[PDB]
C-alpha cells in the first residue's frame, strides 16, 4: 500500500471526535515534556513563560494498516485524528503551538504527536536566584475524560534533561522529574488523571 492510499483511508474513516477506547480499557496516553527554553520569569507574580516539546503518545487501532509492502509510518494532520484533550491546569495563556500540526502514525496504530509549545504558567518561582533554584510544577491531564477513559503516564527520563534546552537562555535546568496523580474534583464524581512535571531551574551565574 502506498503513502497516498494510507492517508486517504485515514482521512476517509478516521473519527477525530471518537476516543479510540478498546473494549473496557482506558486509552493509555503517555506525556513527557522536554524543555527547550525559559523565556521570562517573575518571582513577584509567580509567573513563568516557557517553551517545551509536549511528547504525547497513544494507541488508535482504527488507523492501523498492513505494512507488508508498505511504509512503516506516515505523517498525518491532527485534524484527521482523535487527539487526547490534554490541558495544563495551571496555565494562564493558551498553548501557542510553534510547529506544524502533524502527528506521526505507525502501521500498528501508535500515534506520536510532539508539538513545540510556548505557554505561560502560574507556579512556584521563589528561589529562582538561588543555588537550589526554583521548582515550577506543571500539571497536565485530560480536561473531560476521567480515568476509566484516559490514563496519563510519564515515560522514563534517562536522557539528559537539558538535551534540547537552549544554551543561550538566561536560565539553566538543574532537574526535571515527572509523577502522576488521580484527583477527584467537586464538579464530577470520577477520578481524573494527571502528569505533574517538576521543573527545578535557576538564573545562571
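Numbering follows the first chain given and starts at 1. Each form is matched to the other, and the largest set of C-alpha atoms that superpose within 1.5 Å is called the rigid core.
J.: Quick check: by Cα RMS after rigid core superposition, does 176-184 or 135-143 differ more from this form in 7 other deposited structures of this protein?
T.: Higher average C-alpha offset in 7 other deposited structures of this protein goes to 176-184.
J.: Core fit done; bigger CA RMS in 7 other deposited structures of this protein for 12-20 or for 185-193?
T.: With the rigid core fitted, 185-193 is the stretch that strays more in 7 other deposited structures of this protein.
J.: Compare the other PDB entries of this protein and indicate whether residue 156 is left unmodelled in at least a third of them.
T.: In at least a third of the other entries, residue 156 has no coordinates.
J.: Higher mean Cα B-factor in the deposited model: 25-33 or 150-158?
T.: In the deposited entry, the stretch with the higher C-alpha B-factor mean is 150-158.
J.: On mean C-alpha B-factor from the PDB entry, just flag whether 181-189 or 5-13 is the higher one.
T.: Per the PDB record, 181-189.
J.: Comparing residue 104 with the other modelled residues of its chain, is its CA B-factor in the lowest, middle or highest third?
T.: It falls in the bottom third of the chain.
J.: When the modelled residues of the chain are sorted by Cα temperature factor, does residue 61 land in the lowest, middle or highest third?
T.: Ranked within chain, residue 61 CA B lands in the highest tercile.
J.: Within this chain, which third does the Cα B-factor at residue 170 fall in: lowest, middle or highest?
T.: Bottom third by C-alpha B-factor.
J.: Considering every modelled residue of the chain and its Cα B-factor in the PDB entry, is residue 95 in the lowest, middle or highest third?
T.: As the PDB entry reports it, the C-alpha B-factor of residue 95 lands in the highest third of its chain.
J.: With respect to C-alpha B-factor, does residue 133 fall in the lowest, middle or highest third of the chain as deposited?
T.: It belongs to the middle third of the chain when residues are ordered by C-alpha B-factor.
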